[PDB]
Amino acid sequence: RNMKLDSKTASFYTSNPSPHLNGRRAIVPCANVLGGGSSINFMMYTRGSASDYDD
Amino acid sequence: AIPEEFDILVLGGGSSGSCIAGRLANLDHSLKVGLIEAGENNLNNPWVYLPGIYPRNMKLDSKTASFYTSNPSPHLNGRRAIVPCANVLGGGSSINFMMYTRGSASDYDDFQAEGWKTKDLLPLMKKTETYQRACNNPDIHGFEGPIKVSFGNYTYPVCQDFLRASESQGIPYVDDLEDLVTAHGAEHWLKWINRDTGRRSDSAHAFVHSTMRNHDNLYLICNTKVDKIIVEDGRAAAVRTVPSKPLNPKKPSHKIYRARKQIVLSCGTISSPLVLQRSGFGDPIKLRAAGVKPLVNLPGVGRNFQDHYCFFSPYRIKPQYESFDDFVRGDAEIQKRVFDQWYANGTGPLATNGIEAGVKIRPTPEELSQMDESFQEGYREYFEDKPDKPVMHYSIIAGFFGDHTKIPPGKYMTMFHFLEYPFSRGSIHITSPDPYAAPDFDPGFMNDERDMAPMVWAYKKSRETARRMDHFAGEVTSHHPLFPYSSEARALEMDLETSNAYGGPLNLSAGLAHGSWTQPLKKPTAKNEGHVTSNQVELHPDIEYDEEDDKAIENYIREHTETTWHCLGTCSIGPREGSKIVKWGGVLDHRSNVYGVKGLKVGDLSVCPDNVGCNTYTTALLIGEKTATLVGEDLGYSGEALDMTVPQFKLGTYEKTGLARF
Amino acid sequence: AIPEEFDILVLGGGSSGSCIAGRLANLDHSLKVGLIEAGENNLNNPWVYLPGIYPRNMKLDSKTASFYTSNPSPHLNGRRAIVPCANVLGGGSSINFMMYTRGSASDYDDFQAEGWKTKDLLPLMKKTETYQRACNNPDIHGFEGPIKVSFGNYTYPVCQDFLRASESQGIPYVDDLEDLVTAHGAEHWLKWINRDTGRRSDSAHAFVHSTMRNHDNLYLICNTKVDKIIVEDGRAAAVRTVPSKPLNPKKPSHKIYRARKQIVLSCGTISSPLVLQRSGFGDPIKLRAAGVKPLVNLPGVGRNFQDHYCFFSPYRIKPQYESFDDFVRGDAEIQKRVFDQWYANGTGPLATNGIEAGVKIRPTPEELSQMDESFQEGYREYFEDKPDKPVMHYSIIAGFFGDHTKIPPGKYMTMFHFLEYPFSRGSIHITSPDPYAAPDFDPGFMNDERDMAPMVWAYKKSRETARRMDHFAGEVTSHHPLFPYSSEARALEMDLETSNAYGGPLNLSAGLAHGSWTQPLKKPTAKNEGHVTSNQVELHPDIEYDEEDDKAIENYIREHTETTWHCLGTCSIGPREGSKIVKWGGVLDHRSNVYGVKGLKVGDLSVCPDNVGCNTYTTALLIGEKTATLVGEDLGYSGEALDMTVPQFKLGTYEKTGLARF
Amino acid sequence: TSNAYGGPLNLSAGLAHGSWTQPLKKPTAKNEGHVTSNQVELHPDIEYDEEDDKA
Ligand SMILES: Cc1cc2nc3c(=O)[nH]c(=O)nc-3n(C[C@H](O)[C@H](O)[C@H](O)COP(=O)(O)OP(=O)(O)OC[C@H]3O[C@@H](n4cnc5c(N)ncnc54)[C@H](O)[C@@H]3O)c2cc1C
Ligand SMILES: Cc1cc2nc3c(=O)[nH]c(=O)nc-3n(C[C@H](O)[C@H](O)[C@H](O)COP(=O)(O)OP(=O)(O)OC[C@H]3O[C@@H](n4cnc5c(N)ncnc54)[C@H](O)[C@@H]3O)c2cc1C
Ligand SMILES: [Mg+2]
Ligand SMILES: [Mg+2]
Ligand SMILES: [Mg+2]
């Protein structure tokens with residue numbers, strides 16, 4: 001529910017149109033509640049490769 | 001109780017065959033007419049006589065249809081269209097959508113038969129139906145025929161909108177589009193529904209079951225598929241039959257009925273050529289492939305198959321508006337009220353065919369100029385010459401005629417379009433001696449280049465008239481042509497607040513959009529102030545097309561057209577030597593006698609050389625009464641009492657007698 | 001199917017226009033009468049023929065009404081009253097509350113036309129309705145007319161109480177208040193409901209749709225708003241029309257119908273003067289403002305507009321008593337039974353108009369003495385002279401006619417009062433050439449000082465008769481005049497225990513009162529012992545008023561009166577030069593011909609010079625048959641068969657034939 | 001909103017007779033070009049005179 005367009009808890013920034021997306025203008029939603037996206041997220045857990053932080 | 005030797009056999013339970021059977025039994029009484037049908041009896045069958053459950057009859061697992069499957073074709077993008085056929089007594093009259101309409105006067109003139117002219121057939125068309133509608137042109141519509149025609153006992157409010165929308169597109173509103181002399185028009189479409197009862201008006205109850213109660217001399221042999229027509233000494237004196245379903249593999253059964261003076265094929269345009277071909281009527285070369293011995297040389301059997309090309313384009317409707325979509329969905333609580341009102345009263349949503357209004361069309365040359373040059377070339381020869389003929393038709397259905405399991409939940413209004421006179425010509429042929437074996441055949445949809453332009457143009461037209469309706473909420477994009485994603489011609493979905501209106505208070509996903517599956521529709525331009533409140537309108541922007549947006553509509557039509565069951569041709573009138581209208585040569589004589597044999601006649605809707613720009617049911621009744629009259633004179637019976645009235649308790653207009661209205 | 005040139009055009013689908021259309025088509029059959037209407041067709045429309053869903057038709061978003069809005073006026077305290085007009089075929093007969101009543105005999109005498117006298121119109125009034133009621137005065141009511149009138153198939157118990165309450169106020173109970181010769185009275189109010197079926201008795205089904213089934217020579221052109229009446233060589237030979245809704249902005253459309261011998265305006269009293277003015281009939285000075293060229297000088301068009309001034313005052317009813325308030329609320333479970341009984345039987349709450357009883361009134365001089373001196377001065381000239389005329393009317397509605405979203409939940413009985421002959425006179429005028437443009441007009445409510453006293457006095461009267469009813473539980477104070485808070489004249493609410501009776505067992509706030517929003521009502525005086533149990537009564541104290549309690553009622557009436565849709569005037573009979581009854585001058589001749597032109601007639605209810613103290617529907621039918629007869633003689637047709645019976649299957653009284661009762 | 005409270009089946013939602021109450025005007029349209037979370041739609045400010053103070 002947190003992801004609905006009329007939803008209060010998100011900002012839904014909209015991108016400039018691009019040919020690469022076939023003229024599509026993808027929205028780029030951002031959290032808008034205290035605790036940020038931790039209050040909104042899908043709660044997936046995972047951890048990155050050790051090479052990443054080395055990068 | 002059943003004898004072996006009937007006086008006049010009438011193969012088939014088709015609407016035309018029920019016409020011939022009922023009318024024929026009536027003329028002499030003494031004469032013994034036996035009717036043979038490959039399907040179940042339908043007397044007092046709830047699923048037949050009550051109109052509002054028509055879509056069910058078309059289910060794939062449905063008993064009442066045969067669903068023949070075509071050979072694959074490149075023109076349909078490798079698609080293998082099924083071509084369903086009726087399988088119940090009364091034929092397609094027990095199954096049909098109950099649309100009423102009548103063809104152009106030029107059509108019957110196009111048969112160019114020694115008879116069969118419109119001037120001659122007008123009284124016969126007049127004899128076969130009563131006309132419950134408030135007729136203005138009473139010099140054409142019959143007023144006391146066995147079969148009843150009306151607006152039904154319920155009316156979805158969609159029709160007024162469709163008329164106000166169509167009227168703004170330069171399409172005139174004509175009170176009667178069945179006048180036989182019109183191209184452009186709009187009308188509140190008529191239905192084959194008995195308004196006085198709310199029952200379906202199929203030919204079986206009107207002709208066959210009404211005669212059998214009254215007269216002893218009629219025999220109904222349901223559940224016996226025809227195999228072959230035995231012929232000897234030049235006369236067709238027998239017809240061996242097999243059971244419709246082979247339930248006893250070890251000991252197959254058959255029976256040979258005998259006809260003393262006449263035989264008649266009313267098996268429909270698909271089954272009939274097959275039955276002639278199993279008897280050996282066809283090319284010896286084509287027939288040796290199935291091993292049948294060729295008795296008579298009739299190349300034209302099975303050839304010149306013809307259809308109409310319907311295709312459906314649903315548009316979502318606003319939540320506040322009525323639709324039958326939730327009855328056929330189907331809910332256990334809505335459906336209960338919908339029946340309960342019909343038993344209690346006779347007037348409900350159940351007592352109406354779904355379709356509510358429609359528009360025959362003949363394009364303006366200005367808009368015709370942008371059509372592909374091939375179709376312009378076809379238009380000059382075919383329609384330029386004749387003014388009467390519409391090029392294409394579409395109506396509107398107050399619901400979604402299709403599989404509701406596969407479409408998002410909501411209420412929809414679906415446009416229905418079928419080409420009036422497709423140029424393309426198909427064929428059909430038996431592959432095996434066995435009755436049960438499926439024929440290989442090519443319907444030949446879109447076989448000719450010229451058939452595409454009107455289709456695309458009617459989609460472009462119907463979308464615009466569905467965008468001007470008050471009901472409109474947004475296209476259902478999954479069932480519309482696959483336009484490029486950025487296109488302004490694209491099929492937009494319903495608004496966000498309407499998404500909440502369908503989703504309910506408790507939904508956790510209404511306007512949530514991820515993956516950009518669908519584009520929300522923009523709000524309508526604001527109503528003008530200073531206009532009368534009744535005249536104010538709020539309207540969506542007109543859309544415009546380019547080549548890449550046309551190719552999409554084209555692929556859509558190629559991948560989603562199907563038969564409209566207005567199939568006809570195969571066995572058809574013409575010279576045995578051949579003619580321009582029938583290149584392979586005809587098989588019937590103008591008196592409907594099959595060529596090369598004595599005593600065999602065809603009562604099928606197949607008889608027509610060329611398309612009738614109307615729904616085919618009326619021509620079925622008409623051809624059935626033509627062949628009936630022909631059998632009558634063939635028996636030498638006098639023109640006095642040659643007319644063959646069925647028993648019926650005629651009901652007058654309610655103001656003429658108090659016992660006839662809803 | 002529709003021709004361009006009708007023999008007798010009849011613009012408008014109003015109840016009067018349906019009268020003229022049906023009657024006219026009938027006289028010759030051969031004659032071609034075409035009717036043009038700006039609205040949807042209404043044949044077999046459930047929302048029209050069944051009576052009990054009348055309030056819905058009045059919703060602001062409702063399709064079937066136009067809702068014209070007036071210029072602001074100081075007299076209404078800056079209020080801008082809407083003035084709704086019917087927008088469906090059959091006009092307001094498809095929308096009305098179905099109240100039946102008939103005007104005083106003095107009224108038709110007041111037209112002082114060369115014809116149009118009551119003595120002459122009595123047979124014509126007699127020809128237009130059958131009278132389902134148990135008539136006592138059979139020398140006046142018709143008994144076999146097309147339109148049926150009755151008490152309906154259901155009766156709320158409110159009426160007996162209203163009669164026993166009214167009878168105690170010195171108001172006599174008269175069996176027939178439609179006698180045409182009465183002032184004081186009370187009656188179980190009649191309704192325009194076909195008792196034999198429970199359907200609404202609109203003029204459209206009775207005249208138009210009953211003729212069209214039977215006769216070919218009638219054309220219905222629904223959904224075409226009139227623009228203008230073309231006139232040349234002194235004859236009105238054409239009427240260009242535009243679509244009712246402008247759905248195609250880039251290419252506006254129009255069509256010009258032709259009338260060979262006659263034309264007729266039955267567009268209602270609002271639309272008609274507009275249609276004449278667009279044609280150039282009016283003051284050149286007023287018309288140059290809209291740029292229309294003045295063809296004929298008719299100052300009186302648009303002038304002398306007249307209404308009635310209804311205003312509603314709800315009173316709460318006890319929980320144990322029946323009301324339609326919970327059906328229109330509307331519950332999904334009550335409403336289901338209310339329909340189910342109607343389909344199953346035909347007799348239910350749905351089969352009745354809401355209003356149940358009512359009282360015409362002419363004040364006693366003793367109580368007249370306290371009325372404002374201006375109204376006394378008006379009474380002497382206007383009513384002193386004539387005994388027949390009531391000054392004001394009110395009835396009772398067994399529910400709340402209004403927005404239930406905005407009122408507390410419960411069951412209510414609402415008093416309805418409308419002034420019989422308002423002194424005030426309005427006007428109307430087109431501002432633009434465009435058909436769609438909203439006219440500027442002043443209904444002129446309360447424009448004259450004299451119109452206030454009867455209003456206040458009837459509120460004071462109706463409150464007292466609602467306080468003596470057995471049903472009474474307490475005024476709903478939010479919808480009653482804003483008396484000073486400490487006043488003994490104040491509108492009290494329901495008792496505490498009744499508050500618990502409506503709140504349910506589980507409510508957490510029944511008698512809780514904070515902020516003193518409302519005052520609880522005191523208990524009724526105890527029933528006398530020693531009286532027969534049936535004669536015992538318990539009664540609330542009489543209330544009394546002072547100047548500050550009168551100013552409140554006055555402001556209430558100023559801020560809450562509205563049109564009762566008994567609008568008439570505008571184009572009206574009188575000398576072209578002018579008359580005392582029509583100061584600006586009349587436009588019609590006594591033969592209903594419009595002045596200065598040949599071949600144009602008006603069939604609208606607008607024709608009346610002055611108010612008829614009755615609901616306007618009957619005068620609509622009557623004027624429609626007057627103009628019908630006038631067209632008949634104008635065509636030179638013989639007085640033999642000049643009467644124009646519509647087809648109908650007459651039903652007798654049930655004791656005369658077994659096929660007619662509920 | 002009157003229809004939203006009245007339910008689908010109501011026979012009297014926007015019906016107004018006697019002018020008991022005045023419908024509220026629609027809020028000014030949300031500005032485009034603001035972040036979706038910062039957009040606001042707002043009713044006009046009201047103003048008073050002596051006769052509106054006595055009430
Ligand atoms: C789903 C559906 C919807 C339609 N809707 C409409 C509509 O709304 N309006 C309209 O005008 N048209 C409509 N039609 C088309 C119309 O009903 C047909 O054109 C018409 O019924 C043709 O009648 P017929 O007599 O030629 O063939 P049929 O009605 O099919 O008669 C053929 C009969 O012969 C039987 N038969 C076939 N083979 C054999 C055999 N070997 N032995 C014995 N019996 C055999 C079949 O079982 C069938 O009963 C619709 C058709 C379908 C099927
Ligand atoms: C809500 C309602 C409740 C009422 N209840 C009662 C009642 O209970 N009892 C009673 O006696 N009276 C009642 N009436 C009043 C009564 O119905 C009217 O007085 C009567 O119908 C007047 O009829 P008419 O023929 O003058 O006008 P209408 O009935 O309005 O006829 C006018 C017709 O012309 C059409 N029209 C207007 N302009 C044009 C144009 N430019 N072009 C084409 N067509 C146009 C309109 O659409 C309409 O159909 C009620 C009215 C309203 C509307
Ligand atoms: Mg983030
Ligand atoms: Mg078929
Ligand atoms: Mg009116």
# chains A, B, ... in the order shown; residues from 1 in each chain; ligands from 1

call {"tool": "residues_near_ligand", "arguments": {"ligand": "ligand 3", "cutoff": "10 Å", "atoms": "only C-alpha atoms and all ligand atoms", "output": "count of residues only"}}
result
12

call {"tool": "residues_around", "arguments": {"residues": "residue D:13", "least_positions_apart": "2", "cutoff": "10 Å", "atoms": "only C-alpha atoms", "output": "list in words"}}
result
residues 56, 58, 59, 60, 61, 328, 329, 402, 403, 404, 405 and 406 of chain C; 1, 2, 3, 4, 5, 6, 7, 8, 9, 10, 11, 15 and 16 of chain D

call {"tool": "write_last_selection", "arguments": {"atoms": "N, CA and C atoms", "output": "PDB file, in the first residue's frame"}}
result
ATOM      1  N   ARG C  56     -35.904  11.010  -7.288  1.00  0.00           N
ATOM      2  CA  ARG C  56     -34.600  10.923  -7.916  1.00  0.00           C
ATOM      3  C   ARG C  56     -34.485  11.817  -9.121  1.00  0.00           C
ATOM      4  N   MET C  58     -35.211  14.662  -9.647  1.00  0.00           N
ATOM      5  CA  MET C  58     -34.812  16.027  -9.262  1.00  0.00           C
ATOM      6  C   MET C  58     -33.370  16.252  -8.791  1.00  0.00           C
ATOM      7  N   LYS C  59     -32.536  15.221  -8.810  1.00  0.00           N
ATOM      8  CA  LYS C  59     -31.152  15.368  -8.379  1.00  0.00           C
ATOM      9  C   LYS C  59     -30.436  16.324  -9.307  1.00  0.00           C
ATOM     10  N   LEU C  60     -29.462  17.054  -8.784  1.00  0.00           N
ATOM     11  CA  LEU C  60     -28.718  18.016  -9.583  1.00  0.00           C
ATOM     12  C   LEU C  60     -27.954  17.367 -10.730  1.00  0.00           C
ATOM     13  N   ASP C  61     -27.404  16.184 -10.498  1.00  0.00           N
ATOM     14  CA  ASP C  61     -26.665  15.497 -11.547  1.00  0.00           C
ATOM     15  C   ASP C  61     -27.613  14.743 -12.466  1.00  0.00           C
ATOM     16  N   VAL C 328     -35.990   5.662   0.135  1.00  0.00           N
ATOM     17  CA  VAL C 328     -35.208   6.599  -0.657  1.00  0.00           C
ATOM     18  C   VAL C 328     -33.906   6.961   0.031  1.00  0.00           C
ATOM     19  N   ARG C 329     -33.712   6.440   1.235  1.00  0.00           N
ATOM     20  CA  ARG C 329     -32.509   6.721   2.014  1.00  0.00           C
ATOM     21  C   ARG C 329     -31.193   6.386   1.299  1.00  0.00           C
ATOM     22  N   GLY C 402     -36.310  15.657   0.007  1.00  0.00           N
ATOM     23  CA  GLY C 402     -35.107  16.459   0.075  1.00  0.00           C
ATOM     24  C   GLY C 402     -33.873  15.588   0.106  1.00  0.00           C
ATOM     25  N   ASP C 403     -32.757  16.176   0.514  1.00  0.00           N
ATOM     26  CA  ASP C 403     -31.481  15.479   0.557  1.00  0.00           C
ATOM     27  C   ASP C 403     -31.312  14.796   1.906  1.00  0.00           C
ATOM     28  N   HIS C 404     -31.378  13.470   1.934  1.00  0.00           N
ATOM     29  CA  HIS C 404     -31.298  12.743   3.198  1.00  0.00           C
ATOM     30  C   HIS C 404     -29.886  12.663   3.731  1.00  0.00           C
ATOM     31  N   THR C 405     -28.926  13.034   2.903  1.00  0.00           N
ATOM     32  CA  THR C 405     -27.546  13.071   3.339  1.00  0.00           C
ATOM     33  C   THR C 405     -27.341  14.208   4.343  1.00  0.00           C
ATOM     34  N   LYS C 406     -28.179  15.233   4.248  1.00  0.00           N
ATOM     35  CA  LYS C 406     -27.994  16.461   5.013  1.00  0.00           C
ATOM     36  C   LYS C 406     -28.921  16.610   6.210  1.00  0.00           C
TER      37      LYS C 406
ATOM     38  N   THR D   1     -19.128  13.790  -3.011  1.00  0.00           N
ATOM     39  CA  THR D   1     -19.019  13.260  -1.662  1.00  0.00           C
ATOM     40  C   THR D   1     -20.397  12.932  -1.097  1.00  0.00           C
ATOM     41  N   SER D   2     -21.412  13.682  -1.514  1.00  0.00           N
ATOM     42  CA  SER D   2     -22.771  13.383  -1.092  1.00  0.00           C
ATOM     43  C   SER D   2     -23.177  12.023  -1.618  1.00  0.00           C
ATOM     44  N   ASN D   3     -22.793  11.738  -2.856  1.00  0.00           N
ATOM     45  CA  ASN D   3     -22.991  10.401  -3.395  1.00  0.00           C
ATOM     46  C   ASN D   3     -22.127   9.365  -2.689  1.00  0.00           C
ATOM     47  N   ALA D   4     -20.948   9.780  -2.239  1.00  0.00           N
ATOM     48  CA  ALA D   4     -20.039   8.878  -1.542  1.00  0.00           C
ATOM     49  C   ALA D   4     -20.576   8.430  -0.189  1.00  0.00           C
ATOM     50  N   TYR D   5     -21.322   9.297   0.486  1.00  0.00           N
ATOM     51  CA  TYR D   5     -21.968   8.900   1.734  1.00  0.00           C
ATOM     52  C   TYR D   5     -23.329   8.258   1.526  1.00  0.00           C
ATOM     53  N   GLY D   6     -24.030   8.654   0.473  1.00  0.00           N
ATOM     54  CA  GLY D   6     -25.397   8.206   0.307  1.00  0.00           C
ATOM     55  C   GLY D   6     -25.508   6.753  -0.098  1.00  0.00           C
ATOM     56  N   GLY D   7     -24.438   6.210  -0.658  1.00  0.00           N
ATOM     57  CA  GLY D   7     -24.456   4.851  -1.158  1.00  0.00           C
ATOM     58  C   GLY D   7     -24.911   4.829  -2.601  1.00  0.00           C
ATOM     59  N   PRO D   8     -24.681   3.709  -3.295  1.00  0.00           N
ATOM     60  CA  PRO D   8     -25.070   3.527  -4.696  1.00  0.00           C
ATOM     61  C   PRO D   8     -26.566   3.674  -4.946  1.00  0.00           C
ATOM     62  N   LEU D   9     -27.368   3.277  -3.968  1.00  0.00           N
ATOM     63  CA  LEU D   9     -28.804   3.128  -4.162  1.00  0.00           C
ATOM     64  C   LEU D   9     -29.646   4.337  -3.770  1.00  0.00           C
ATOM     65  N   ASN D  10     -29.021   5.400  -3.277  1.00  0.00           N
ATOM     66  CA  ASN D  10     -29.783   6.553  -2.810  1.00  0.00           C
ATOM     67  C   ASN D  10     -30.558   7.233  -3.923  1.00  0.00           C
ATOM     68  N   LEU D  11     -31.753   7.707  -3.602  1.00  0.00           N
ATOM     69  CA  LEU D  11     -32.589   8.384  -4.579  1.00  0.00           C
ATOM     70  C   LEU D  11     -32.584   9.883  -4.347  1.00  0.00           C
ATOM     71  N   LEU D  15     -29.816  16.202  -4.687  1.00  0.00           N
ATOM     72  CA  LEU D  15     -31.092  16.866  -4.842  1.00  0.00           C
ATOM     73  C   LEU D  15     -31.160  17.968  -3.824  1.00  0.00           C
ATOM     74  N   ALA D  16     -31.398  19.187  -4.289  1.00  0.00           N
ATOM     75  CA  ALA D  16     -31.484  20.321  -3.386  1.00  0.00           C
ATOM     76  C   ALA D  16     -32.711  21.158  -3.660  1.00  0.00           C
TER      77      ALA D  16
END

call {"tool": "interface_residues", "arguments": {"of": "chain B", "to": "chain A", "cutoff": "12 Å", "atoms": "only C-alpha atoms", "output": "list in words"}}
result
residues 483, 484, 485, 486, 487, 488, 495, 496, 497, 499, 500, 506, 507, 508, 509, 510, 511, 512, 513, 514, 515, 516, 517, 518, 519 and 520 of chain B

call {"tool": "write_last_selection", "arguments": {"atoms": "N, CA, C and O atoms", "output": "short mmCIF file (atom, residue, chain, number, x, y, z; two decimals), in the first residue's frame"}}
result
data_model
loop_
_atom_site.label_atom_id
_atom_site.label_comp_id
_atom_site.auth_asym_id
_atom_site.auth_seq_id
_atom_site.Cartn_x
_atom_site.Cartn_y
_atom_site.Cartn_z
N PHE B 483 -0.17 -0.64 -29.68
CA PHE B 483 0.49 0.56 -30.17
C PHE B 483 1.85 0.74 -29.50
O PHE B 483 2.05 0.27 -28.38
N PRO B 484 2.78 1.42 -30.18
CA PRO B 484 4.06 1.70 -29.54
C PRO B 484 3.84 2.55 -28.30
O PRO B 484 2.94 3.38 -28.27
N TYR B 485 4.65 2.31 -27.27
CA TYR B 485 4.33 2.70 -25.92
C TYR B 485 4.19 4.21 -25.74
O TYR B 485 3.40 4.68 -24.93
N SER B 486 4.97 4.97 -26.50
CA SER B 486 4.99 6.42 -26.35
C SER B 486 3.91 7.13 -27.18
O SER B 486 3.75 8.34 -27.08
N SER B 487 3.19 6.36 -27.99
CA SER B 487 2.26 6.94 -28.96
C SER B 487 1.10 7.67 -28.30
O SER B 487 0.61 7.25 -27.25
N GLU B 488 0.67 8.76 -28.92
CA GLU B 488 -0.48 9.51 -28.43
C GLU B 488 -1.78 8.84 -28.81
O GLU B 488 -2.85 9.21 -28.33
N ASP B 495 -9.21 6.20 -14.79
CA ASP B 495 -8.63 7.17 -13.86
C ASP B 495 -8.25 6.54 -12.53
O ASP B 495 -8.68 5.43 -12.22
N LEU B 496 -7.44 7.23 -11.73
CA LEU B 496 -7.06 6.73 -10.42
C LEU B 496 -8.24 6.64 -9.44
O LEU B 496 -8.39 5.65 -8.73
N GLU B 497 -9.06 7.69 -9.39
CA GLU B 497 -10.17 7.70 -8.45
C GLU B 497 -11.21 6.64 -8.80
O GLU B 497 -11.86 6.08 -7.92
N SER B 499 -10.24 3.88 -10.13
CA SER B 499 -9.55 2.67 -9.71
C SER B 499 -9.88 2.38 -8.26
O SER B 499 -10.10 1.24 -7.87
N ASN B 500 -9.92 3.44 -7.45
CA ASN B 500 -10.38 3.29 -6.08
C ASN B 500 -11.86 2.94 -6.00
O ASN B 500 -12.29 2.25 -5.09
N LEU B 506 -11.14 -1.15 0.99
CA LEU B 506 -10.10 -1.89 1.69
C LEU B 506 -8.90 -2.29 0.84
O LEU B 506 -7.97 -2.91 1.35
N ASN B 507 -8.90 -1.95 -0.44
CA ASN B 507 -7.81 -2.37 -1.32
C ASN B 507 -6.47 -1.78 -0.92
O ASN B 507 -6.39 -0.64 -0.48
N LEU B 508 -5.42 -2.57 -1.06
CA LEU B 508 -4.08 -2.11 -0.72
C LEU B 508 -3.28 -1.80 -1.97
O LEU B 508 -2.07 -1.61 -1.91
N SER B 509 -3.95 -1.76 -3.11
CA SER B 509 -3.28 -1.51 -4.38
C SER B 509 -4.24 -0.93 -5.40
O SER B 509 -4.86 -1.67 -6.16
N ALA B 510 -4.43 0.37 -5.43
CA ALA B 510 -5.38 0.88 -6.40
C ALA B 510 -4.71 1.66 -7.50
O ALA B 510 -4.82 1.32 -8.67
N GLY B 511 -4.02 2.72 -7.11
CA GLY B 511 -3.32 3.55 -8.06
C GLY B 511 -1.87 3.15 -8.12
O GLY B 511 -1.08 3.78 -8.81
N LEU B 512 -1.50 2.11 -7.38
CA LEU B 512 -0.12 1.69 -7.36
C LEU B 512 0.24 1.25 -8.75
O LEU B 512 -0.40 0.37 -9.31
N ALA B 513 1.29 1.85 -9.31
CA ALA B 513 1.72 1.49 -10.65
C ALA B 513 3.21 1.24 -10.70
O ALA B 513 4.00 2.15 -10.47
N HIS B 514 3.59 0.02 -11.03
CA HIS B 514 4.99 -0.33 -11.14
C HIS B 514 5.14 -1.14 -12.42
O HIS B 514 4.32 -2.01 -12.70
N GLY B 515 6.17 -0.85 -13.18
CA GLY B 515 6.38 -1.55 -14.44
C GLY B 515 5.65 -0.83 -15.55
O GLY B 515 5.74 -1.20 -16.71
N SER B 516 4.92 0.22 -15.20
CA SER B 516 4.21 0.99 -16.20
C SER B 516 3.35 0.10 -17.08
O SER B 516 3.35 0.24 -18.30
N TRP B 517 2.61 -0.82 -16.48
CA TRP B 517 1.77 -1.70 -17.27
C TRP B 517 0.72 -0.90 -18.03
O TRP B 517 0.45 -1.19 -19.19
N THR B 518 0.13 0.10 -17.39
CA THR B 518 -0.89 0.91 -18.04
C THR B 518 -0.79 2.39 -17.72
O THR B 518 -0.32 2.77 -16.65
N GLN B 519 -1.24 3.23 -18.65
CA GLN B 519 -1.23 4.68 -18.52
C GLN B 519 -2.58 5.23 -18.08
O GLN B 519 -3.59 4.97 -18.73
N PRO B 520 -2.60 5.99 -16.98
CA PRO B 520 -3.84 6.62 -16.53
C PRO B 520 -4.40 7.61 -17.54
O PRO B 520 -3.63 8.29 -18.21
#

call {"tool": "interface_residues", "arguments": {"of": "chain C", "to": "chain B", "cutoff": "6 Å", "atoms": "only C-alpha atoms", "output": "PyMOL selection string"}}
result
chain C and resi 1+66+212-213+216+245+248+343-344+436-438+647-649

call {"tool": "write_last_selection", "arguments": {"atoms": "C-alpha atoms", "output": "PDB file, in the first residue's frame"}}
result
ATOM      1  CA  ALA C   1     -36.640   6.355 -42.688  1.00  0.00           C
ATOM      2  CA  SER C  66     -32.218  21.380 -17.132  1.00  0.00           C
ATOM      3  CA  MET C 212     -47.200   4.838 -32.841  1.00  0.00           C
ATOM      4  CA  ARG C 213     -47.757   1.140 -32.301  1.00  0.00           C
ATOM      5  CA  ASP C 216     -47.644   4.536 -39.171  1.00  0.00           C
ATOM      6  CA  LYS C 245     -25.407  17.752 -26.939  1.00  0.00           C
ATOM      7  CA  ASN C 248     -18.193  17.324 -32.088  1.00  0.00           C
ATOM      8  CA  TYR C 343     -43.201  -7.117  -9.562  1.00  0.00           C
ATOM      9  CA  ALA C 344     -44.890  -9.939  -7.688  1.00  0.00           C
ATOM     10  CA  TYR C 436     -27.136  26.311 -25.759  1.00  0.00           C
ATOM     11  CA  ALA C 437     -26.542  29.649 -24.036  1.00  0.00           C
ATOM     12  CA  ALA C 438     -28.280  30.074 -20.688  1.00  0.00           C
ATOM     13  CA  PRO C 647     -56.303   3.748 -29.299  1.00  0.00           C
ATOM     14  CA  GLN C 648     -56.756   2.070 -25.930  1.00  0.00           C
ATOM     15  CA  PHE C 649     -58.108  -1.083 -24.387  1.00  0.00           C
TER      16      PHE C 649
END
